[PDB]
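Text of the file data_18.cif, holding mmCIF, C-alpha atoms; chains and numbers go by the auth columns:
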data_query
loop_
_atom_site.group_PDB
_atom_site.id
_atom_site.type_symbol
_atom_site.label_atom_id
_atom_site.label_comp_id
_atom_site.label_asym_id
_atom_site.label_seq_id
_atom_site.Cartn_x
_atom_site.Cartn_y
_atom_site.Cartn_z
_atom_site.B_iso_or_equiv
_atom_site.auth_seq_id
_atom_site.auth_asym_id
ATOM 1 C CA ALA A 1 -2.989 -103.253 -233.171 0.00 14 A
ATOM 2 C CA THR A 2 -4.944 -100.259 -231.872 0.00 15 A
ATOM 3 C CA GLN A 3 -3.358 -98.185 -229.106 0.00 16 A
ATOM 4 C CA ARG A 4 0.107 -98.814 -230.545 0.00 17 A
ATOM 5 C CA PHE A 5 -1.001 -97.248 -233.830 0.00 18 A
ATOM 6 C CA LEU A 6 -1.767 -93.981 -232.043 0.00 19 A
ATOM 7 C CA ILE A 7 1.814 -93.977 -230.762 0.00 20 A
ATOM 8 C CA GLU A 8 3.235 -94.495 -234.248 0.00 21 A
ATOM 9 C CA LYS A 9 1.720 -91.167 -235.292 0.00 22 A
ATOM 10 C CA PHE A 10 3.468 -89.603 -232.290 0.00 23 A
ATOM 11 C CA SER A 11 6.867 -89.899 -233.958 0.00 24 A
ATOM 12 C CA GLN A 12 5.656 -89.717 -237.559 0.00 25 A
ATOM 13 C CA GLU A 13 3.373 -86.686 -237.824 0.00 26 A
ATOM 14 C CA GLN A 14 1.541 -86.018 -241.090 0.00 27 A
ATOM 15 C CA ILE A 15 2.451 -82.461 -242.077 0.00 28 A
ATOM 16 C CA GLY A 16 0.405 -80.574 -244.603 0.00 29 A
ATOM 17 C CA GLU A 17 -3.207 -80.971 -243.501 0.00 30 A
ATOM 18 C CA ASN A 18 -4.342 -77.789 -245.257 0.00 31 A
ATOM 19 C CA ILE A 19 -1.584 -75.376 -244.514 0.00 32 A
ATOM 20 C CA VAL A 20 -1.234 -72.197 -246.492 0.00 33 A
ATOM 21 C CA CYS A 21 1.986 -70.724 -245.137 0.00 34 A
ATOM 22 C CA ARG A 22 4.225 -71.033 -242.069 0.00 35 A
ATOM 23 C CA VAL A 23 5.482 -68.249 -239.800 0.00 36 A
ATOM 24 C CA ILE A 24 8.923 -68.632 -238.231 0.00 37 A
ATOM 25 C CA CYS A 25 10.710 -66.174 -235.940 0.00 38 A
ATOM 26 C CA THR A 26 14.388 -65.786 -236.854 0.00 39 A
ATOM 27 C CA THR A 27 15.185 -63.387 -234.003 0.00 40 A
ATOM 28 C CA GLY A 28 14.126 -66.074 -231.539 0.00 41 A
ATOM 29 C CA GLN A 29 11.168 -64.596 -229.676 0.00 42 A
ATOM 30 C CA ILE A 30 7.952 -66.242 -230.866 0.00 43 A
ATOM 31 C CA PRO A 31 7.318 -69.991 -231.447 0.00 44 A
ATOM 32 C CA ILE A 32 6.783 -71.225 -235.004 0.00 45 A
ATOM 33 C CA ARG A 33 3.167 -71.259 -236.187 0.00 46 A
ATOM 34 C CA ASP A 34 1.386 -72.647 -239.253 0.00 47 A
ATOM 35 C CA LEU A 35 -1.203 -70.704 -241.249 0.00 48 A
ATOM 36 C CA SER A 36 -3.855 -72.790 -242.993 0.00 49 A
ATOM 37 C CA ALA A 37 -6.889 -72.459 -245.189 0.00 50 A
ATOM 38 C CA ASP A 38 -9.541 -74.806 -246.573 0.00 51 A
ATOM 39 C CA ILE A 39 -8.997 -75.754 -250.212 0.00 52 A
ATOM 40 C CA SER A 40 -12.722 -76.193 -250.806 0.00 53 A
ATOM 41 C CA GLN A 41 -13.283 -72.615 -249.707 0.00 54 A
ATOM 42 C CA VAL A 42 -10.448 -71.271 -251.849 0.00 55 A
ATOM 43 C CA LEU A 43 -11.751 -73.146 -254.891 0.00 56 A
ATOM 44 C CA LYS A 44 -15.327 -71.979 -254.317 0.00 57 A
ATOM 45 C CA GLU A 45 -14.436 -68.380 -253.461 0.00 58 A
ATOM 46 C CA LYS A 46 -13.761 -66.434 -256.657 0.00 59 A
ATOM 47 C CA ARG A 47 -13.887 -62.920 -255.202 0.00 60 A
ATOM 48 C CA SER A 48 -12.283 -61.305 -252.153 0.00 61 A
ATOM 49 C CA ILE A 49 -9.669 -63.098 -250.050 0.00 62 A
ATOM 50 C CA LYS A 50 -10.125 -66.704 -248.932 0.00 63 A
ATOM 51 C CA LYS A 51 -8.579 -66.341 -245.473 0.00 64 A
ATOM 52 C CA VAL A 52 -6.454 -63.783 -243.640 0.00 65 A
ATOM 53 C CA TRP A 53 -4.338 -64.046 -240.498 0.00 66 A
ATOM 54 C CA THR A 54 -3.927 -61.289 -237.925 0.00 67 A
ATOM 55 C CA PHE A 55 -0.691 -61.112 -235.946 0.00 68 A
ATOM 56 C CA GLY A 56 -0.032 -59.206 -232.751 0.00 69 A
ATOM 57 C CA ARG A 57 0.305 -59.267 -228.968 0.00 70 A
ATOM 58 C CA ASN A 58 -3.462 -59.814 -228.747 0.00 71 A
ATOM 59 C CA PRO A 59 -4.733 -63.341 -227.909 0.00 72 A
ATOM 60 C CA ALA A 60 -7.429 -62.716 -230.506 0.00 73 A
ATOM 61 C CA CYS A 61 -5.003 -62.304 -233.306 0.00 74 A
ATOM 62 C CA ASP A 62 -4.571 -65.449 -235.326 0.00 75 A
ATOM 63 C CA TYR A 63 -0.927 -65.114 -234.254 0.00 76 A
ATOM 64 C CA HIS A 64 0.354 -64.375 -230.745 0.00 77 A
ATOM 65 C CA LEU A 65 3.825 -62.890 -230.240 0.00 78 A
ATOM 66 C CA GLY A 66 5.787 -61.345 -227.386 0.00 79 A
ATOM 67 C CA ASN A 67 3.986 -58.443 -225.727 0.00 80 A
ATOM 68 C CA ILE A 68 6.098 -55.590 -227.093 0.00 81 A
ATOM 69 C CA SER A 69 5.325 -51.874 -226.842 0.00 82 A
ATOM 70 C CA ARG A 70 6.710 -51.207 -230.325 0.00 83 A
ATOM 71 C CA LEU A 71 4.108 -53.661 -231.652 0.00 84 A
ATOM 72 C CA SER A 72 0.345 -53.149 -231.849 0.00 85 A
ATOM 73 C CA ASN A 73 -2.594 -55.401 -230.873 0.00 86 A
ATOM 74 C CA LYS A 74 -2.726 -56.547 -234.480 0.00 87 A
ATOM 75 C CA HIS A 75 0.730 -55.763 -235.749 0.00 88 A
ATOM 76 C CA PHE A 76 0.221 -57.314 -239.158 0.00 89 A
ATOM 77 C CA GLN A 77 -2.207 -59.367 -241.256 0.00 90 A
ATOM 78 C CA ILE A 78 -1.571 -62.051 -243.894 0.00 91 A
ATOM 79 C CA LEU A 79 -4.096 -62.788 -246.651 0.00 92 A
ATOM 80 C CA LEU A 80 -4.243 -65.636 -249.164 0.00 93 A
ATOM 81 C CA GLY A 81 -6.414 -65.528 -252.270 0.00 94 A
ATOM 82 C CA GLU A 82 -6.602 -64.126 -255.795 0.00 95 A
ATOM 83 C CA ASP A 83 -5.387 -66.184 -258.753 0.00 96 A
ATOM 84 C CA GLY A 84 -2.705 -67.907 -256.699 0.00 97 A
ATOM 85 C CA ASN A 85 0.224 -66.573 -254.683 0.00 98 A
ATOM 86 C CA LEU A 86 -0.132 -64.979 -251.246 0.00 99 A
ATOM 87 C CA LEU A 87 -0.553 -61.416 -249.982 0.00 100 A
ATOM 88 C CA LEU A 88 1.007 -59.764 -246.938 0.00 101 A
ATOM 89 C CA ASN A 89 -0.811 -56.972 -245.122 0.00 102 A
ATOM 90 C CA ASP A 90 0.554 -54.652 -242.457 0.00 103 A
ATOM 91 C CA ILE A 91 -1.637 -53.337 -239.628 0.00 104 A
ATOM 92 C CA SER A 92 0.828 -52.099 -237.020 0.00 105 A
ATOM 93 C CA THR A 93 1.033 -48.658 -235.464 0.00 106 A
ATOM 94 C CA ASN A 94 4.827 -48.422 -235.607 0.00 107 A
ATOM 95 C CA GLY A 95 4.743 -49.872 -239.108 0.00 108 A
ATOM 96 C CA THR A 96 5.530 -53.237 -240.683 0.00 109 A
ATOM 97 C CA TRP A 97 8.707 -53.991 -242.622 0.00 110 A
ATOM 98 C CA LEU A 98 9.525 -56.344 -245.453 0.00 111 A
ATOM 99 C CA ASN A 99 13.184 -57.293 -245.895 0.00 112 A
ATOM 100 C CA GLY A 100 14.209 -53.870 -244.618 0.00 113 A
ATOM 101 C CA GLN A 101 11.671 -52.121 -246.823 0.00 114 A
ATOM 102 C CA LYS A 102 8.818 -50.390 -245.035 0.00 115 A
ATOM 103 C CA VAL A 103 5.552 -51.241 -246.797 0.00 116 A
ATOM 104 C CA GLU A 104 2.365 -49.173 -246.733 0.00 117 A
ATOM 105 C CA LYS A 105 0.151 -50.030 -243.761 0.00 118 A
ATOM 106 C CA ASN A 106 -3.087 -51.943 -244.381 0.00 119 A
ATOM 107 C CA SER A 107 -1.689 -52.491 -247.869 0.00 120 A
ATOM 108 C CA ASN A 108 -1.568 -55.747 -249.842 0.00 121 A
ATOM 109 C CA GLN A 109 1.795 -56.955 -251.136 0.00 122 A
ATOM 110 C CA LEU A 110 2.869 -59.911 -253.269 0.00 123 A
ATOM 111 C CA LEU A 111 4.203 -62.667 -251.016 0.00 124 A
ATOM 112 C CA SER A 112 7.791 -63.817 -251.408 0.00 125 A
ATOM 113 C CA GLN A 113 9.419 -67.231 -251.044 0.00 126 A
ATOM 114 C CA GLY A 114 10.813 -67.408 -247.530 0.00 127 A
ATOM 115 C CA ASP A 115 10.094 -63.699 -247.165 0.00 128 A
ATOM 116 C CA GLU A 116 10.612 -61.922 -243.853 0.00 129 A
ATOM 117 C CA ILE A 117 8.686 -59.185 -242.044 0.00 130 A
ATOM 118 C CA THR A 118 10.435 -56.813 -239.651 0.00 131 A
ATOM 119 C CA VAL A 119 8.575 -54.916 -236.937 0.00 132 A
ATOM 120 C CA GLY A 120 9.185 -52.445 -234.142 0.00 133 A
ATOM 121 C CA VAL A 121 11.261 -50.106 -236.247 0.00 134 A
ATOM 122 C CA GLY A 122 12.369 -46.850 -234.722 0.00 135 A
ATOM 123 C CA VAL A 123 14.682 -48.133 -232.054 0.00 136 A
ATOM 124 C CA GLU A 124 17.681 -50.264 -233.039 0.00 137 A
ATOM 125 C CA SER A 125 16.989 -52.465 -230.021 0.00 138 A
ATOM 126 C CA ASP A 126 13.208 -52.629 -230.560 0.00 139 A
ATOM 127 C CA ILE A 127 12.970 -54.406 -233.876 0.00 140 A
ATOM 128 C CA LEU A 128 11.665 -57.941 -234.322 0.00 141 A
ATOM 129 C CA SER A 129 11.926 -60.065 -237.472 0.00 142 A
ATOM 130 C CA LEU A 130 9.687 -62.823 -238.754 0.00 143 A
ATOM 131 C CA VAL A 131 10.173 -65.241 -241.663 0.00 144 A
ATOM 132 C CA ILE A 132 7.359 -66.707 -243.732 0.00 145 A
ATOM 133 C CA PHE A 133 7.723 -70.232 -245.127 0.00 146 A
ATOM 134 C CA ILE A 134 5.368 -71.100 -247.979 0.00 147 A
ATOM 135 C CA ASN A 135 4.705 -74.792 -248.587 0.00 148 A
ATOM 136 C CA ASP A 136 4.685 -75.987 -252.200 0.00 149 A
ATOM 137 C CA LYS A 137 1.945 -78.483 -251.335 0.00 150 A
ATOM 138 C CA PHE A 138 -0.663 -75.734 -251.166 0.00 151 A
ATOM 139 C CA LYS A 139 0.431 -74.342 -254.532 0.00 152 A
ATOM 140 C CA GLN A 140 0.324 -77.831 -256.047 0.00 153 A
ATOM 141 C CA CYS A 141 -3.386 -78.212 -255.298 0.00 154 A
ATOM 142 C CA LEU A 142 -4.180 -74.647 -256.362 0.00 155 A
ATOM 143 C CA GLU A 143 -2.579 -75.391 -259.731 0.00 156 A
ATOM 144 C CA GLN A 144 -4.884 -78.363 -260.292 0.00 157 A
ATOM 145 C CA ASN A 145 -7.868 -76.738 -258.556 0.00 158 A
ATOM 146 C CA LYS A 146 -9.637 -80.075 -259.025 0.00 159 A
ATOM 147 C CA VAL A 147 -11.429 -82.148 -256.386 0.00 160 A
ATOM 148 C CA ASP A 148 -11.144 -85.941 -256.438 0.00 161 A
ATOM 149 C CA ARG A 149 -10.534 -87.024 -252.842 0.00 162 A
ATOM 150 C CA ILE A 150 -12.112 -86.907 -249.384 0.00 163 A
ATOM 151 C CA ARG A 151 -10.235 -84.865 -246.782 0.00 164 A
ATOM 152 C CA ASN B 1 -5.391 -56.001 -218.616 0.00 165 B
ATOM 153 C CA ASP B 2 -4.630 -53.208 -221.086 0.00 166 B
ATOM 154 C CA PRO B 3 -2.650 -52.880 -224.365 0.00 167 B
ATOM 155 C CA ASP B 4 0.078 -50.368 -225.213 0.00 168 B
ATOM 156 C CA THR B 5 0.847 -48.839 -228.611 0.00 169 B
ATOM 157 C CA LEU B 6 3.559 -46.256 -229.302 0.00 170 B
ATOM 158 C CA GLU B 7 6.191 -45.068 -231.780 0.00 171 B
ATOM 159 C CA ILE B 8 9.616 -44.884 -230.087 0.00 172 B
ATOM 160 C CA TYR B 9 10.557 -42.113 -227.651 0.00 173 B
ATOM 161 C CA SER B 10 12.331 -38.892 -228.619 0.00 174 B
#
Any chance you could put this one into structure tokens?
Amino acid sequence: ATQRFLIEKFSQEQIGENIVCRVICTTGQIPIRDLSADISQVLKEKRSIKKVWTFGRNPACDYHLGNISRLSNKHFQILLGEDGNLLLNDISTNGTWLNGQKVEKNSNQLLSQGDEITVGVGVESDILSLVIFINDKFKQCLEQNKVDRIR
Amino acid sequence: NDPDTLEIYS
């Protein structure tokens, strides 16, 4: 078999290529996206953050959401590094919220399991929520931090 | 072809 094999992968997709965390919109506005980072880089990098995602209505931003006035070009930024765990950074004009708690802009916060970021606060009808899903696979490798396989 | 940032109207 050859061509048929390619079809088999169509139904059975291999999830977890090198994903760090997943972003899911609970308010139903933006399509689910998956944040990823290279393990080799994370293992080699001892200082600073390995990789950070920028979210906003800008097509540049690592994450693209609905073009909302309450949101900024780069509404928020997510960073993964340090001795494990993940960090959430806000970069919006109108502010970024975490589970109803407004965090300090351009500030790093300790990620939470299935956490959620709210944005567009100020107008009851202009708030958007986002949920972050962290895969245990990434943490599993970080715990071992040992290389013994190709790709 | 232009952004738009604000902080609610009041």
Restrict the distance test to only C-alpha atoms, flag each residue of chain A within 7 Å of chain B, and return the flagged residues as a PyMOL selection string.
chain A and resi 82-86+106-107+135-136
Name the closest residue to residue A:37 among the candidates A:78, A:155, A:20, A:123; distances are taken between atoms, counting all atoms listed in the file.
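Under the stated criterion, the closest residue is A:78.
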Box time for stretch 25-34 of chain A: axis-aligned, enclosing all its listed atoms, 8 Å extra on each side; report centre and edge lengths in Å to one decimal, as JSON.
{"center_x": 0.7, "center_y": -80.2, "center_z": -242.0, "size_x": 26.0, "size_y": 35.0, "size_z": 24.9}
Please write as a PyMOL selection string the full residue list that the PyMOL selection byres ((chain A and resi 92) around 9) yields on this file.
chain A and resi 62-67+90-91+93-94+99-102+121
Take the residues that were just selected and, keeping C-alpha atoms, output them as a PDB file, keeping the file's coordinate frame.
ATOM      1  CA  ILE A  62      -9.669 -63.098-250.050  1.00  0.00           C
ATOM      2  CA  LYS A  63     -10.125 -66.704-248.932  1.00  0.00           C
ATOM      3  CA  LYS A  64      -8.579 -66.341-245.473  1.00  0.00           C
ATOM      4  CA  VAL A  65      -6.454 -63.783-243.640  1.00  0.00           C
ATOM      5  CA  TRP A  66      -4.338 -64.046-240.498  1.00  0.00           C
ATOM      6  CA  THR A  67      -3.927 -61.289-237.925  1.00  0.00           C
ATOM      7  CA  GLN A  90      -2.207 -59.367-241.256  1.00  0.00           C
ATOM      8  CA  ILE A  91      -1.571 -62.051-243.894  1.00  0.00           C
ATOM      9  CA  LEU A  93      -4.243 -65.636-249.164  1.00  0.00           C
ATOM     10  CA  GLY A  94      -6.414 -65.528-252.270  1.00  0.00           C
ATOM     11  CA  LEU A  99      -0.132 -64.979-251.246  1.00  0.00           C
ATOM     12  CA  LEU A 100      -0.553 -61.416-249.982  1.00  0.00           C
ATOM     13  CA  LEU A 101       1.007 -59.764-246.938  1.00  0.00           C
ATOM     14  CA  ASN A 102      -0.811 -56.972-245.122  1.00  0.00           C
ATOM     15  CA  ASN A 121      -1.568 -55.747-249.842  1.00  0.00           C
TER      16      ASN A 121
END
Work out how far apart atom CA of residue A:59 and atom CA of residue A:96 are and give it in Å to one decimal.
8.6 Å
Quick check, in Å to one decimal: how far apart do atom CA of residue A:79 and atom CA of residue A:39 lie?
13.5 Å
Output the residue selection produced by the PyMOL selection byres ((chain A and resi 43) around 12) on the file above, formatted as a list in words.
residues 36, 37, 38, 39, 40, 41, 42, 44, 45, 46, 68, 69, 70, 76, 77, 78, 79, 80, 81, 141, 142, 143 and 144 of chain A
For the atom pair atom CA of residue A:118 and atom CA of residue A:105, what is the interatomic distance in Å to one decimal place?
7.1 Å
Ground truth for the PyMOL selection byres ((chain A and resi 145) around 6), written as a PyMOL selection string:
chain A and resi 35-36+127-129+144+146
Write the residues of the selection above to a file with C-alpha atoms, as an mmCIF file, keeping the file's coordinate frame.
data_model
loop_
_atom_site.group_PDB
_atom_site.id
_atom_site.type_symbol
_atom_site.label_atom_id
_atom_site.label_comp_id
_atom_site.auth_asym_id
_atom_site.auth_seq_id
_atom_site.Cartn_x
_atom_site.Cartn_y
_atom_site.Cartn_z
ATOM 1 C CA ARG A 35 4.225 -71.033 -242.069
ATOM 2 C CA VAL A 36 5.482 -68.249 -239.800
ATOM 3 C CA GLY A 127 10.813 -67.408 -247.530
ATOM 4 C CA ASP A 128 10.094 -63.699 -247.165
ATOM 5 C CA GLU A 129 10.612 -61.922 -243.853
ATOM 6 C CA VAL A 144 10.173 -65.241 -241.663
ATOM 7 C CA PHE A 146 7.723 -70.232 -245.127
#
Report the closest atom pair, with its distance in Å rounded to one decimal, for each residue of stretch 43-150 of chain A that has an atom no farther than 12 Å from stretch 160-164 of chain A; count only C-alpha atoms, sort by chain and then rising residue number, and write it as a tab-separated table.
residue	atom	partner	partner_atom	distance
A:51	CA	A:164	CA	10.1
A:52	CA	A:160	CA	9.2
A:53	CA	A:160	CA	8.3
A:54	CA	A:160	CA	11.8
A:55	CA	A:160	CA	11.8
A:56	CA	A:160	CA	9.1
A:57	CA	A:160	CA	11.1
Please provide the set of residues having any atom within 10 Å of residue A:103, restricted to all atoms listed in the file, with same-chain residues fewer than 4 positions apart removed, written as a PyMOL selection string.
chain A and resi 67-68+87-91+108-111+115-122+130+132
Mind writing the picked residues with C-alpha atoms as a CSV table (one decimal), keeping the file's coordinate frame?
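File produced: result.csv:
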chain,number,residue,atom,x,y,z
A,67,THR,CA,-3.9,-61.3,-237.9
A,68,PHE,CA,-0.7,-61.1,-235.9
A,87,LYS,CA,-2.7,-56.5,-234.5
A,88,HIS,CA,0.7,-55.8,-235.7
A,89,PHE,CA,0.2,-57.3,-239.2
A,90,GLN,CA,-2.2,-59.4,-241.3
A,91,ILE,CA,-1.6,-62.1,-243.9
A,108,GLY,CA,4.7,-49.9,-239.1
A,109,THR,CA,5.5,-53.2,-240.7
A,110,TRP,CA,8.7,-54.0,-242.6
A,111,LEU,CA,9.5,-56.3,-245.5
A,115,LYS,CA,8.8,-50.4,-245.0
A,116,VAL,CA,5.6,-51.2,-246.8
A,117,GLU,CA,2.4,-49.2,-246.7
A,118,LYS,CA,0.2,-50.0,-243.8
A,119,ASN,CA,-3.1,-51.9,-244.4
A,120,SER,CA,-1.7,-52.5,-247.9
A,121,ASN,CA,-1.6,-55.7,-249.8
A,122,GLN,CA,1.8,-57.0,-251.1
A,130,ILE,CA,8.7,-59.2,-242.0
A,132,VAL,CA,8.6,-54.9,-236.9
Using only C-alpha atoms, which of the listed residues (A:19, A:49, A:31, A:98) sits closest to residue A:156?
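Smallest separation from residue A:156 among the options: A:98.
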Give me stretch 92-104 of chain A with N, CA, C and O atoms filled in, as a CSV table (one decimal), in the coordinates of the input.
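Output contents, as saved in out.csv:
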chain,number,residue,atom,x,y,z
A,92,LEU,N,-2.9,-62.3,-245.9
A,92,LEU,CA,-4.1,-62.8,-246.7
A,92,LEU,C,-3.7,-63.7,-247.8
A,92,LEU,O,-2.7,-63.4,-248.5
A,93,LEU,N,-4.5,-64.7,-248.1
A,93,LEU,CA,-4.2,-65.6,-249.2
A,93,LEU,C,-5.5,-65.8,-250.1
A,93,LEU,O,-6.6,-66.1,-249.6
A,94,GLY,N,-5.3,-65.5,-251.3
A,94,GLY,CA,-6.4,-65.5,-252.3
A,94,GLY,C,-6.0,-65.2,-253.7
A,94,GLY,O,-4.9,-65.5,-254.1
A,95,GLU,N,-6.9,-64.5,-254.4
A,95,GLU,CA,-6.6,-64.1,-255.8
A,95,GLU,C,-6.3,-65.3,-256.7
A,95,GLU,O,-6.5,-66.5,-256.2
A,96,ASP,N,-5.7,-65.1,-257.8
A,96,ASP,CA,-5.4,-66.2,-258.8
A,96,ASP,C,-4.0,-66.8,-258.4
A,96,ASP,O,-3.1,-66.8,-259.2
A,97,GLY,N,-3.9,-67.3,-257.2
A,97,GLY,CA,-2.7,-67.9,-256.7
A,97,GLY,C,-1.9,-66.9,-255.9
A,97,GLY,O,-2.2,-65.8,-255.7
A,98,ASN,N,-0.7,-67.4,-255.5
A,98,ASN,CA,0.2,-66.6,-254.7
A,98,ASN,C,-0.4,-66.1,-253.4
A,98,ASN,O,-1.6,-66.4,-253.1
A,99,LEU,N,0.4,-65.5,-252.5
A,99,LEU,CA,-0.1,-65.0,-251.2
A,99,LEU,C,0.1,-63.5,-251.1
A,99,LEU,O,0.9,-62.9,-251.8
A,100,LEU,N,-0.7,-62.9,-250.2
A,100,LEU,CA,-0.6,-61.4,-250.0
A,100,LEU,C,-0.2,-61.1,-248.5
A,100,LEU,O,-0.8,-61.8,-247.6
A,101,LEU,N,0.6,-60.1,-248.3
A,101,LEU,CA,1.0,-59.8,-246.9
A,101,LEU,C,0.5,-58.4,-246.6
A,101,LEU,O,0.7,-57.4,-247.4
A,102,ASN,N,-0.2,-58.3,-245.5
A,102,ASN,CA,-0.8,-57.0,-245.1
A,102,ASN,C,-0.3,-56.5,-243.8
A,102,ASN,O,-0.2,-57.3,-242.8
A,103,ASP,N,0.1,-55.2,-243.7
A,103,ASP,CA,0.6,-54.7,-242.5
A,103,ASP,C,-0.6,-53.9,-241.7
A,103,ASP,O,-1.4,-53.3,-242.4
A,104,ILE,N,-0.6,-54.0,-240.4
A,104,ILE,CA,-1.6,-53.3,-239.6
A,104,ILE,C,-1.1,-52.8,-238.3
A,104,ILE,O,-1.9,-52.7,-237.3
